[PDB]
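Written below as structure tokens is the structure these notes are about.
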Amino acid sequence: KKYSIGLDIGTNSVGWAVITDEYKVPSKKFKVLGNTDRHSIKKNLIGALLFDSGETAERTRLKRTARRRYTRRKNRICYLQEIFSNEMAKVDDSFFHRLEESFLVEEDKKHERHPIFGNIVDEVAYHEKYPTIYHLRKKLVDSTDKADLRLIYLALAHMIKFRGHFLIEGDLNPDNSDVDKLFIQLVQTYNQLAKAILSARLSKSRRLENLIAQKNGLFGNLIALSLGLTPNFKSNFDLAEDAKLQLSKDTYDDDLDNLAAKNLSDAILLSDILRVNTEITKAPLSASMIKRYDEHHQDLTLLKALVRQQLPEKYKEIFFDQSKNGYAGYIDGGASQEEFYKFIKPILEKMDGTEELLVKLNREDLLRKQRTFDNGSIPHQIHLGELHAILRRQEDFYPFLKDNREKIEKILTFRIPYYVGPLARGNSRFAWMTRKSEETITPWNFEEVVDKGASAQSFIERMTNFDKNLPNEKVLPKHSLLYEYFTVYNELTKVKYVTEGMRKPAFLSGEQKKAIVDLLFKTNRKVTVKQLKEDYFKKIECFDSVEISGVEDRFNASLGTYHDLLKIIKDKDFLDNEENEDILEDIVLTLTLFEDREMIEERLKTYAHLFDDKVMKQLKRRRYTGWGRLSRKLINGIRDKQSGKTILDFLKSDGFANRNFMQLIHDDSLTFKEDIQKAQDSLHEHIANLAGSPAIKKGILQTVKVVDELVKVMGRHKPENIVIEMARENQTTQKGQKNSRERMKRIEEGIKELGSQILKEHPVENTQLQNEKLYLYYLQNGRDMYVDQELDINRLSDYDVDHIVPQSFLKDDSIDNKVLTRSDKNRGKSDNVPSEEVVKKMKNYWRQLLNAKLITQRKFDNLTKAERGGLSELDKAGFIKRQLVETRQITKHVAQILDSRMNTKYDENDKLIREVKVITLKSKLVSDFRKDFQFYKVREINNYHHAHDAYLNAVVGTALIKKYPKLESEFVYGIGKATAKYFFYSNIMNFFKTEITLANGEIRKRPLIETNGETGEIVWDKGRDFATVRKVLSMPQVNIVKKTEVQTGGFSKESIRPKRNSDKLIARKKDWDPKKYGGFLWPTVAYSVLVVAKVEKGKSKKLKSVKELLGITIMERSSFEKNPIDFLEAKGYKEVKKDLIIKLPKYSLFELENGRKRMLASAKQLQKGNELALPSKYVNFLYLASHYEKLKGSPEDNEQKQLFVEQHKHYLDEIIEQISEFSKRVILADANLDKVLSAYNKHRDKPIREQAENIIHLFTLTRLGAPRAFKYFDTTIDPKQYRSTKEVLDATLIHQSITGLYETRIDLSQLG
RNA sequence: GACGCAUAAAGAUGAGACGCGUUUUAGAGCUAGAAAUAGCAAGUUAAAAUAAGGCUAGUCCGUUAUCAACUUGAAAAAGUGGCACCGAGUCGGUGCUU
DNA sequence: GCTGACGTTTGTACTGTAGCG
DNA sequence: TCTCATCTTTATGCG
DNA sequence: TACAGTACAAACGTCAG
Ligand SMILES: [Mg+2]
Ligand SMILES: [Mg+2]
Ligand SMILES: [Mg+2]
Ligand SMILES: [Mg+2]
Ligand SMILES: [Mg+2]
């Protein structure tokens, strides 16, 4: 009667296996529905459900924010048009209509075809006078004439459309900073108190050297105008009031409280951004762009003359062929400037007079475009200065730009603050803003319509956890003083001490804990036990010596926020006071909640009577982040109604009982537990309601559906035991501590081994090293990874994190794939690894970092990947590590959901009866089981290995449970300790083996029949149970099912493709015919439908009846589902039989002659649908012939298994016979099978390892799913893609229940 | 014998932005030709769109998640498939039983 | 007369190709 | 790619 | 890995003798 279930859950699979108490997998004669003659089927209850992995929300969000940016950009353009509109209608009743109809063709345009001036002649005298937008911008700035509104609009609209980044706080301005005479003002100012630096690469290393060549009064002065100095101590040689000085990031008023800094800092930074002020202008960016254009002009004039006078045969390939990455491909084709440079540098090396061009290419100046990937370095304030200059000229002639100058000034610089979010009116699930009035939001009225404070508080409050114990209560800040006290008293209530006189160790009394906290947790940020035993036990308790226990040599707990508030609020008795504790809690809550200084000031204003303004100025810089696991109500709001204390009171003092948070909230004697359990629907609603990524919701829901379907199979009786394989681990304590070493020590060891003084120049703390940019800065020893340039620790936003292998090629967000680099160097390696030249020029420095172990060997391999520079689809053959985290999350959730679904009956004696015992095995047990008794696992043959893992999980779990029911609490849900646990869980499996072998060669014979002790019952018969599991491993029928999935997402490929007279292009906008305008291509089919209809066919048209697949794209899907028959008639189908329309999602399964199966991948592609049931002997041979020298066993055990391969050399040929018979049966790639046979015969003499480690690849020919390329040694086999779908229209369609047990089979031959 | 403390790795969710890129159009091509084009000149920029679109019309929403088939149902949701044994190349046979 | 010659006029294999920092 | 914020899982140390 | 670009092979009229 009884049965059990095993589950193996992966990112793309769940394996499931019902087992009997005998460890046999059962089978039933299942009824099958549908029109076919077949009425019942024999099926084993072992299988695997296969589904494609769920996508994370990343791509959808990166499209959503882009959609918002384009909407807002067009609205900026519209407010500009609104200001310009009554005036533009004077000079041009249709200019905005012409910029709008710019995209259309000449006869589609209602107005004359030239966008800006309309007429041809003025549009060309225009482009002759101003060849780009920047000659326009410059002429507008430096000249003082009355100028054309249509061109003001274009200059402003261009700057408003492409406005540059906002990563610089406040503003830069050129007008205070154009002229290098500021050093005279600086020395004149210090007496009250060229390009000399900038001619070389900017860092302190050059700046000090130059100024000493030209103590403190010059260089130490000027760095405070130029650099974010590292010491926190006060300055020297300084003003009459003495404090620290640096060019601080957010607010230089934090340093001025000790003008020329603004002038000189803007001058140096703008002259670092722009190669300007060797010439005097008022429009520096436009001047630089015009200099680029003129240099490009003279360079091309030189270049073509050189090419014609020395290599005239070469010209067309460079300058006309737009496919070659020549200049034609650089301009008219798709080539970048890197591709053009590597194209053109060999040609320049052999010509004469090219030295200047070769010099310019090495600086990246050679024939630059004006708009490039590195324009993301340009801040918006430069554009802001140009727009201000423009308006300040024109206002003398345009009264209306005088009247509303600041509205246009507002429109470019307005950015929605990130804490406010999308400006909805209630219908956006992403919106959290609250608006004061129902008025429409503009950049001008934004401050009076939107309540920024409430929205900014709600921004955090929507995201921070509810307390897991009190789900209606939001958690504390991490740094809240209540949480500090909670943490220290939670830790210190459980430490124990003993002296020479005492019989046994004793807890700290409440007096002692209070004394320790006030003594040293309030006078040291982190306390060592050395500090505890000296400063408390030796100094207060006067002990000669003491042993302390319950804590490592450094305490985990801290009162660091007390130290902060003590440095700020000077009255220590204020911080130790009871009355003001709520106010201090509000201060730290605000200071965690808000980072914008104005709302910090506006929130803290209510307490300005308790502290001075100097303290308040100190409080508003003390930014905090992070939130505790617990709510205020939990830790000090609720009281046990019998005793009267809160949790924090108990942690402060609990007599000698000294309970911590756990034993408190689990003691029935304290009504905390009653408060918890009174503070504490369908499957799909529950699965939607969980937190975390949407990606994991797929694998959880499908396996819960699988388990419920299995329960439906077994007469609605529940299983005794459910075994879930967990992606969980045990380690030795030394390995696990090494696996989690503090990341400061990683830096210190490597820096000491390479011997640099960077930590003397830039000291840093492990709390600070949690920042990703800063961690990378120290890992790289202060230098860029792509040019030999000293990085700046203050400017780490203009440096950016390159992913060494790009995310578009491979998802890898690890430190081994991250590089901090200058933004231009990162964006100059779009979709690639670093180039060959950069590997050649820096492989030595990378080797110095590798030898010093700041980078891994994997990181060195990714950096030097151009030495192996494939980046092919065949290089994907290692798992992305995201699949492990998803597996862990899914299996963790499914444990608690299946426990909640199975064990539902509450009881008053004990709370919940285990009707079903849900089990969560770590994978090491099943892995050791597989490797000990030669039940090996090869992932490349076929998909049955998922079901075999579930079978072995159920077998091993039930065997361990029935062998050790005393050890039920180690598996059922609800030298170092870790090393002892690791050896215990290693040795717990010894009951499966007949012999136990010691390291000295001793052997112990174990019984052939295993039993438990406490009831003597048989569990593991090493005679017949191993034979039984070997029988179940050799079944040829396993219910593999691929989930039928309607596709969602992008309508097409994203690339927009040029116009052509082909009807397959997707119309990219409703009125834009793609024969004229181009459009998208590669559409994605949501599902096929089987259509049966007439069609008008033949050159003399006549109705022919037809049955075929129609691929409903995602775009057209809703129109189809509104009303099918008119959609089919629009597609051209006539007399359609409505009831015979069959919906066919992706991977709809069909079966054909000789057992052949095909999965419908679209209306015009199939996929191979059968699975090779290869016998176990050849599988274990393939695993042992693979892995041949790298087996983990002893040399004797390696040898005997390596000989097992040699004993079965003839297995190689019979595997090829197996693959031939199968491929002929199901795959039908006869040319590929002949190529496979011929290549095999080409290499039948090569080593049996290399043969097997390539026969393992031939199963790509046979394996289920999409045809994919594979290779056998040198020979590469191209995929035999099943682009024909003609056959499935008369196959039998198989609709599979989610396990694959029940079926509906439709014989489509009878349909038509 | 699943929880908050410290550490670390790998990931995730949301907001605000930047740079590109593509597409069509605009930037008069010229000269020589029966010619298809060839020589030569040119090129660097801009507008518009950037999922088709949608109705609550917002400076909002539109690529995540949910889906075998069939009977009920607006949908949520509920419902629908005998067992034992001997065998095994993707499931077969045998016997009870409804 | 009526088999087949000779174009047009559709229907099948093979290589490319895909938004990204 | 940037800025800002929050959160999950797993592993080790202390209860 | 599904579809796109595109080089390649059967089928369907009017001549052709
Ligand atoms: Mg597994
Ligand atoms: Mg999806
Ligand atoms: Mg990059
Ligand atoms: Mg698996
Ligand atoms: Mg721990």
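Labels for the structure tokens follow display order: chains A, B, ..., residues from 1 in each chain, ligands from 1.
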Would you please give, as an MDAnalysis selection string, all residues of stretch 585-718 of chain A that DSSP assigns to helix (DSSP H, G or I) based on the backbone? chainID A and resid 585:593 597:607 613:619 632:637 647:652 661:666 672:679 683:689 696:713
Distance cut-off 9 Å, counting only C-alpha atoms (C1' of nucleotides) - which residues of chain E neighbour chain A? Return them as a PyMOL selection string. chain E and resi 1-4
May I have the selected residues written with N, CA and C atoms (P, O5', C5', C4', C3', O3' and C1' of nucleotides), as a CSV table (one decimal), in the first residue's frame?
chain,number,residue,atom,x,y,z
E,1,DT,P,19.0,25.0,-27.0
E,1,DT,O5',18.0,25.8,-28.1
E,1,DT,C5',18.5,27.1,-28.6
E,1,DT,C4',17.6,27.5,-29.8
E,1,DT,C3',17.4,26.5,-30.8
E,1,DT,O3',16.3,26.9,-31.7
E,1,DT,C1',18.9,28.0,-31.7
E,2,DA,P,14.8,26.3,-31.5
E,2,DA,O5',13.9,27.3,-32.4
E,2,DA,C5',13.3,28.4,-31.8
E,2,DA,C4',13.2,29.5,-32.9
E,2,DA,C3',12.5,29.1,-34.2
E,2,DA,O3',11.5,30.0,-34.6
E,2,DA,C1',14.7,29.9,-34.6
E,3,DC,P,10.9,30.1,-36.0
E,3,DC,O5',11.8,31.1,-36.8
E,3,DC,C5',12.0,32.4,-36.2
E,3,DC,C4',13.0,33.2,-37.0
E,3,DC,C3',12.7,33.4,-38.5
E,3,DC,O3',12.9,34.7,-38.9
E,3,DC,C1',14.8,32.5,-38.3
E,4,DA,P,12.6,35.3,-40.3
E,4,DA,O5',14.0,35.5,-41.0
E,4,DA,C5',15.0,36.2,-40.3
E,4,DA,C4',16.2,36.6,-41.1
E,4,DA,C3',15.9,36.9,-42.6
E,4,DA,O3',16.9,37.9,-43.0
E,4,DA,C1',17.3,35.0,-42.4
Within 12 Å of stretch 9-12 of chain C, counting only C-alpha atoms (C1' of nucleotides), which residues qualify if same-chain residues fewer than 6 places away don't, as a ChimeraX atom specification? /A:1097-1099,1282-1284 /E:6-13
Within 6 Å of chain A, which residues belong to chain D? Use only C-alpha atoms (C1' of nucleotides) and report them as an mmCIF file with N, CA, C and O atoms (P, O5', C5', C4', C3', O3' and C1' of nucleotides), in the first residue's frame.
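Full text of out_5.cif as output:
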data_model
loop_
_atom_site.group_PDB
_atom_site.id
_atom_site.type_symbol
_atom_site.label_atom_id
_atom_site.label_comp_id
_atom_site.auth_asym_id
_atom_site.auth_seq_id
_atom_site.Cartn_x
_atom_site.Cartn_y
_atom_site.Cartn_z
ATOM 1 P P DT D 6 19.235 50.730 2.614
ATOM 2 O "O5'" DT D 6 18.424 49.419 2.175
ATOM 3 C "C5'" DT D 6 17.003 49.381 2.303
ATOM 4 C "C4'" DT D 6 16.416 48.235 1.504
ATOM 5 C "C3'" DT D 6 16.802 46.849 1.991
ATOM 6 O "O3'" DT D 6 15.816 46.364 2.908
ATOM 7 C "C1'" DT D 6 16.931 47.035 -0.418
ATOM 8 P P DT D 9 16.552 33.022 2.248
ATOM 9 O "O5'" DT D 9 17.693 32.230 1.458
ATOM 10 C "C5'" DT D 9 17.358 31.392 0.370
ATOM 11 C "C4'" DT D 9 18.605 30.976 -0.382
ATOM 12 C "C3'" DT D 9 19.657 30.276 0.446
ATOM 13 O "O3'" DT D 9 19.360 28.896 0.520
ATOM 14 C "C1'" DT D 9 20.663 31.907 -0.975
ATOM 15 P P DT D 12 29.566 24.829 6.730
ATOM 16 O "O5'" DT D 12 30.480 25.883 7.515
ATOM 17 C "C5'" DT D 12 31.865 25.622 7.678
ATOM 18 C "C4'" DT D 12 32.618 26.864 8.125
ATOM 19 C "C3'" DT D 12 32.366 27.312 9.546
ATOM 20 O "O3'" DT D 12 33.067 26.509 10.469
ATOM 21 C "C1'" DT D 12 32.349 29.189 8.129
ATOM 22 P P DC D 14 32.804 28.399 17.300
ATOM 23 O "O5'" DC D 14 31.896 29.623 17.835
ATOM 24 C "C5'" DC D 14 32.458 30.539 18.807
ATOM 25 C "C4'" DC D 14 31.383 31.491 19.267
ATOM 26 C "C3'" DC D 14 30.123 30.837 19.814
ATOM 27 O "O3'" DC D 14 30.287 30.420 21.162
ATOM 28 C "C1'" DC D 14 29.549 32.615 18.375
#
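As for atom CA of residue A:506 and atom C1' of residue D:15, they are spaced 15.2 Å apart.
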For ligand 3, collect every residue having any atom at a distance of at most 10 Å from a ligand atom (counting only C-alpha atoms (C1' of nucleotides) and all ligand atoms); output as JSON, numbers by chain. {"A": [800, 801, 802, 803, 804, 805, 806, 807, 808, 818, 819, 820, 821, 823, 824, 825, 826, 827, 828, 829, 830, 831, 832, 833, 834], "C": [20, 21], "D": [1]}
